[PDB]
Amino acid sequence: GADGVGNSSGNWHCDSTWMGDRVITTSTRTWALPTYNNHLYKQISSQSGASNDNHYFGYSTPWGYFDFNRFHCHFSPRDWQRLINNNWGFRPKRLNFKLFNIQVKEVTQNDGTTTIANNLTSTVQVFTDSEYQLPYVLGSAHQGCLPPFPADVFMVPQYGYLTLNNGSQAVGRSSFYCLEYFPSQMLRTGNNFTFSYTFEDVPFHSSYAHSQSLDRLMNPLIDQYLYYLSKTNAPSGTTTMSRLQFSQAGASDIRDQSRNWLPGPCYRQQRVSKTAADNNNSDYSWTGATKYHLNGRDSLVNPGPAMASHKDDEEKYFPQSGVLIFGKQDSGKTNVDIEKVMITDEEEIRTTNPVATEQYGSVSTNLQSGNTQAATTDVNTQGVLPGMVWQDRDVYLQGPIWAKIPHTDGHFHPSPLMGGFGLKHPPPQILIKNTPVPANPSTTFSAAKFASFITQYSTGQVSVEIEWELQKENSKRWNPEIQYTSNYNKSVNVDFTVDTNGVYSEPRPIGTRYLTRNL
Amino acid sequence: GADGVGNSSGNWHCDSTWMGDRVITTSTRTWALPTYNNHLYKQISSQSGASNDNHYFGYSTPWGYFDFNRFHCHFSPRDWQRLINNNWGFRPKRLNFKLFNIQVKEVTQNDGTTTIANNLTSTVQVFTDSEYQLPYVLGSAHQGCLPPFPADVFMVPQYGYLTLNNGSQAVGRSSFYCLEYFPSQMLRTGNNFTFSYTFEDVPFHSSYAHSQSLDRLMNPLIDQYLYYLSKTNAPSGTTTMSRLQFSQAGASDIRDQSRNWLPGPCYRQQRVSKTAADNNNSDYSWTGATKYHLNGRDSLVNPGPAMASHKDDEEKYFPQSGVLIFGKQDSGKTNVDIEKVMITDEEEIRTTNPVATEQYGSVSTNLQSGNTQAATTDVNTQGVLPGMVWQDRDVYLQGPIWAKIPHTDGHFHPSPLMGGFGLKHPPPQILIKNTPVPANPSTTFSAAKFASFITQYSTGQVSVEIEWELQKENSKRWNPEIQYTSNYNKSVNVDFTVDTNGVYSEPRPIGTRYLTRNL
Amino acid sequence: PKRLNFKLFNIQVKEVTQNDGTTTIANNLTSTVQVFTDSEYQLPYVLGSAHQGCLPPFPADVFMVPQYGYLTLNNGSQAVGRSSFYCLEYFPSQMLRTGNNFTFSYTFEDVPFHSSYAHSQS
């Protein structure tokens, strides 16, 4: 599609369509793109005095990129409610992306007074990295996605990446990418850009909670035909003697029944309380944290493998670094109080996954004998074993959607730990840049590269449409289920609306696990 | 269908199927039918000392009848939740009824010891009153319907009716019906009985609440171009003078705007409080009640025309006789305390219908003049006016479904006041009776009618399947809606389940109006 | 395993009378039994917990059918809102009098062979 100056190159599409087992969400936003880095590539690195754990080396490019990797970019709160109250699972199917109504504007800063004017002949460059040749920076939970509220205008974030480093320096293996070394399409006002994408096959996300516990799967009315060791000594005349005795497990001793499965793996975290007085009076945010050690550096495990946030009757507690934490509206960046953030809770999976702040279990450490008593120890970290079952972390209305699976020789259960769908060929990155326009050149030749350009930026509309496949529930449960609902009581503001000043805000995080399912 | 003694004449069908805009509910129960009235018709009438308001005359027949005119006969609590959380309306479409696996058993009471045996040759008579020739006693909220829990066995209720009376006596116009004067099908063990029925066209029941008020439909930003009388006098020198002044209504005086519609009709009720101390210390249950006068008798208006139960911030109040009141499990019959009943609430319709315990409005009563001030009075009863709009009473999981519209010359908005669908040709009545089997007769002829029969009863299964048409919601609301949900907190029993003794109970009444709609 | 066939037949229903400490048992030719297979896995699956009540190993033994029951979520001795309750009468089931039978078939999915060997090397 291409036409003149006075022709819109696209329309505004924003709604959702529910049809059978599909739902199609399309959203449109308006964006603004500045000139980053003053048209330059720049090597960046960590500060000289930074600790060894915080060293890095990389580059920052003059390009921007579009990002729609959060659920609230596509679902309204009402649409999210429809989804989670009536379906056991869902997954993305295909995607459509469109960029249109480009406007480039030049700025003049004469005498502290700014004048903005159209530049009808300038252009922007766009290309999609459909072969995954650039370092993939999506899927790191960065800011700069499409806004949740359709009436908001957002700035396009700048592209940059990191490569191998040795302290603050680079090594011979580190690679540098010039994004101008890709074929890209140049658009003037009156051109548009589209492409399509098909998701690979992925398992449905489990939008349910189990109505049974992994340790409670037996018939409570019938005993087992297997025996377990129930007593190791028996009373003799005024004393005891070693004597093995066996029993069949029933309901009275349900903890001893033979079982076929084991709970999911574990990697223990430290426990903190939402009540301030319960926590220790010290700075253990890093010393008491759970981390992994890679190439001599320590890195915080956050949020880590999916484990239950707490056991029953203990909502006040949560793992130190084991849950997603969103910020309330207009909360700051650094060292905000607990009233400014929204802490998620993964308690629905405590039917199969162990609690994040307890041990996995206990194993024996010695060989008991006539003169040696049996001894056990706690297991604070347990890799996977044959016979384990578990659930993955839940997804949230304002959480990520997908993540690119790293191209490696091996990987196990490649669902991203922050939640979502792991894809070997995720939706490609979409890079965009204003073409530089040089200022008045000299009338005598000079071989030095240009350094004076016309100050300008661009704006336009972006739209993205995604088809999702649904998995309808088929329960024979008799009593009603738990549903997500709004409270009826009066209030000064309605949730998920704007306030008197025009600020849209999301008052709480919303998971997906409300319906139930048998184990 | 017909076969031997050792052949089941039907299977057990009980589940629900959701497909697009239809839902098909089928339920099966087992019933027991005694011998009523000892095989006789009997004239019945009110007691001689009864008050004039309680006089009646009629007959009781030896027949039983099947009744499935409550919603919980067809919907499980989980199915009811599905319905009310995702649809704006519904209505019945067609019906299937089946009676099978009949067993007749004879009882012998020798010496205080009861012996029960099969009687393979005895029969039962069944017929459906498909031409509406008998007095229609369904639709009066009587007990004896199919139980809500499928595992319960229920007794078939006895059939009886009332006709015209003059005090305790009858008149020449009163009519008597012999049910043996109908063609009926006789079933032995091994026969079954089926029929089908199609509902006439009826409007969908409104399963929504209005998200706007009838008096708040304007644009709050723009004034009207019409004027209203805003002041009738103006200040003169140290005094006032009559002087008419007019203004255009805006947001500051929103109560004065010109409007196109009026709230629904009214018939005022007395207000009582759920807090005991707020009510008067007297017996006003009948003296303070609202009633209608028909043929010299007073009859309580219950529940009457649909009006809101209370205004906002007043949940403690409810109209004396203006709401449906269900009883909790195992509550008594007479003079039970308020903790034993479940009082419904119709507050969702206060956007269009007036509050049941307030006046409809005020009208002027005189002609003001130089020496006469204007006077107004309250309107406690208001018939319908051109331009009125209103909502009908909600339906409940344990409330009635339909009612037969009386065959009269005229009627207005014939939706039954207890809630549900008004039908001119409702589902027909289904009468059933054990055929009498005479005992040992004398060996010499006697013309007197028989009076000694073999004591016996019957049992079997009954199934009913109904197709319902759904009306899906199509809202563009942004914020999430209110949904019916279970509470998550711990409890001794789960709602809508059985207790430790096996008693199924419904802990609260459940309406239909959770989704919202613009006015 | 590859495939499975199941059959239920020769049903007899008998009524008991306990008059005066003396028991009398008689046929009840018109009574019935209900049978259904949970072919969509909608009920809590209690098989596979090594419970008693299977078919006896010796073909000449007569066995009692075990009672069905299940557990759901609990908080101590109490339940929670998430716990679910199942009414088995809420399923379509076939009713059999003496003279009716009940059959169905089933095909196992693909599974690896069970290793009926021991390794002769370490």
Side-chain angles (χ1 to χ4, degrees), chain A residues 211-212 217 219 221-222 473-479 517-518, chain B residues 1 3 6-18 24-31 73-76 78-79 96 98-101 103 146-153 192 459-465 497-498 502 504, chain C residues 3-13 28 30-49 51 53-55 63-70 72 84-108:
Chain A
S211 67
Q212 293 184 290
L217 290 183
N219 187 343
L221 309 175
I222 284 85
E473 58 93 7
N474 198 24
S475 177
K476 267 297 201 303
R477 168 195 179 113
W478 180 265
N479 51 320
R517 200 165 192 168
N518 288 325
Chain B
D3 261 275
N7 267 39
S8 75
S9 48
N11 288 325
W12 187 282
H13 303 287
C14 197
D15 66 330
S16 61
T17 298
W18 300 76
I24 303 179
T25 63
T26 166
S27 66
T28 306
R29 304 290 188 275
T30 102
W31 49 268
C73 303
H74 314 270
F75 291 89
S76 67
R78 173 55 187 147
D79 280 332
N96 247 100
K98 184 171 165 69
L99 211 62
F100 57 98
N101 287 337
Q103 316 173 56
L146 270 57
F149 192 55
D152 292 358
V153 182
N192 49 25
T459 176
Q461 272 74 52
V462 58
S463 75
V464 47
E465 158 181 333
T497 60
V498 301
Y504 176 80
Chain C
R3 53 168 197 80
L4 170 151
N5 247 100
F6 179 91
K7 184 171 165 69
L8 211 62
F9 57 98
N10 287 337
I11 274 77
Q12 316 173 56
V13 188
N28 187 3
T30 60
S31 42
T32 167
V33 300
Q34 313 181 36
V35 185
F36 77 96
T37 168
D38 183 17
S39 46
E40 281 182 295
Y41 309 103
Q42 294 166 305
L43 291 178
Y45 197 84
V46 304
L47 303 179
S49 300
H51 287 303
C54 298
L55 270 57
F63 72 107
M64 180 190 303
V65 182
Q67 185 180 6
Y68 182 77
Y70 61 94
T72 175
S84 60
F85 166 69
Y86 297 90
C87 172
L88 271 67
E89 278 75 9
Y90 198 44
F91 290 74
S93 60
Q94 179 173 336
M95 312 185 72
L96 314 184
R97 285 185 178 178
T98 161
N100 300 123
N101 49 25
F102 170 85
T103 72
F104 82 95
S105 297
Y106 169 82
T107 293
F108 287 84

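The sequence lines fix the lettering, A, B, ..., with proteins before strands; numbering per chain opens at 1.
Annotation: side chain of C:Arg97 is in contact with side chain of B:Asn101 (closest heavy-atom distance under 4.5 Å). Side-chain contact between C:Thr103 and C:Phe6: absent, with no pair of heavy atoms (C-beta onward) separated by less than 4.5 Å. For the pair C:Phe36/C:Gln94, no side-chain contact is recorded, criterion being any heavy-atom separation below 4.5 Å from C-beta on. Inter-residue side-chain proximity for C:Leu8 and C:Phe104 is flagged as unmet; no heavy-atom pair is nearer than 4.5 Å. The shortest distance between side-chain heavy atoms of B:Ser27 and C:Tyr90 does not fall below 4.5 Å. Inter-residue side-chain proximity for C:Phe91 and B:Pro150 is flagged as unmet; no heavy-atom pair is nearer than 4.5 Å.
Expressed to the nearest 0.5 Å, how far CG of B:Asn11 lies from CZ of B:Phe100 amounts to 7.5 Å. Here the straight-line distance linking atom CH2 of A:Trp478 with atom CG of C:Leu88 works out to 12.0 Å at 0.5 Å rounding. Distance check: B:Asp15 CG to C:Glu89 CD gives 13.5 Å after rounding to the nearest 0.5 Å. Here the straight-line distance linking atom CG of C:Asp38 with atom NZ of A:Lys476 works out to 9.0 Å at 0.5 Å rounding. Note: C:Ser105 OG to C:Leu4 CG = 8.0 Å, rounded to the nearest 0.5 Å. Taken from OG1 in C:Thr32 to CG in C:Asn100, the straight-line distance is 7.5 Å, to the nearest 0.5 Å.
Counted by atom type alone, B:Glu465 and B:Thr26 present zero donor-acceptor pairs between their side chains at under 3.5 Å.
Of the possible polar contacts, none joining the C:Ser84 side chain to the A:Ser211 backbone as a donor-acceptor pair under 3.5 Å is found. Looking only at distances, a side-chain donor or acceptor of B:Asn192 sits under 3.5 Å from a matching main-chain atom of B:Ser9. One N or O on the side chain of A:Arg477 and one on the backbone of A:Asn479 form a donor-acceptor pair closer than 3.5 Å. Looking at A:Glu473, its side chain does come within 3.5 Å of a backbone N or O of A:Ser475 through a donor-acceptor pair. The backbone N or O of B:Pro147 lies less than 3.5 Å from a partner atom in the side chain of B:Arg29, making a donor-acceptor pair. Without hydrogens or angle criteria, A:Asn518 side chain to C:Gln42 main chain gives a donor-acceptor distance under 3.5 Å. Distance alone, capped at 3.5 Å, places no donor-acceptor pair between the B:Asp79 side chain and the B:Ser16 backbone. Between the side chain of C:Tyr70 and the backbone N or O of C:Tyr86, at least one donor-acceptor pair lies under 3.5 Å. Distance alone, capped at 3.5 Å, is enough to place a donor-acceptor pair between the B:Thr459 side chain and the B:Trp31 backbone. Of the possible donor and acceptor atoms, none in the side chain of B:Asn7 sits under 3.5 Å from a partner among the backbone N and O of C:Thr98.
Figure legend: C:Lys7 and C:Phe102 shown without cation-pi pairing, the cationic atom not lying both under 6.0 angstrom from the six-membered ring centre and within 45 degrees of its axis.
The nearest pair of heavy atoms linking C:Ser49 to C:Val46 is OG-O, 3.6 Å.
Ring centroid separation for the pair C:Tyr106 and C:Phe108 comes in under the 6.0 Å cut-off.
By the 6.0 Å contact criterion, OH on C:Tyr41 is open, its count of non-hydrogen atoms from other residues, nucleotides or ligands being 12 or less.
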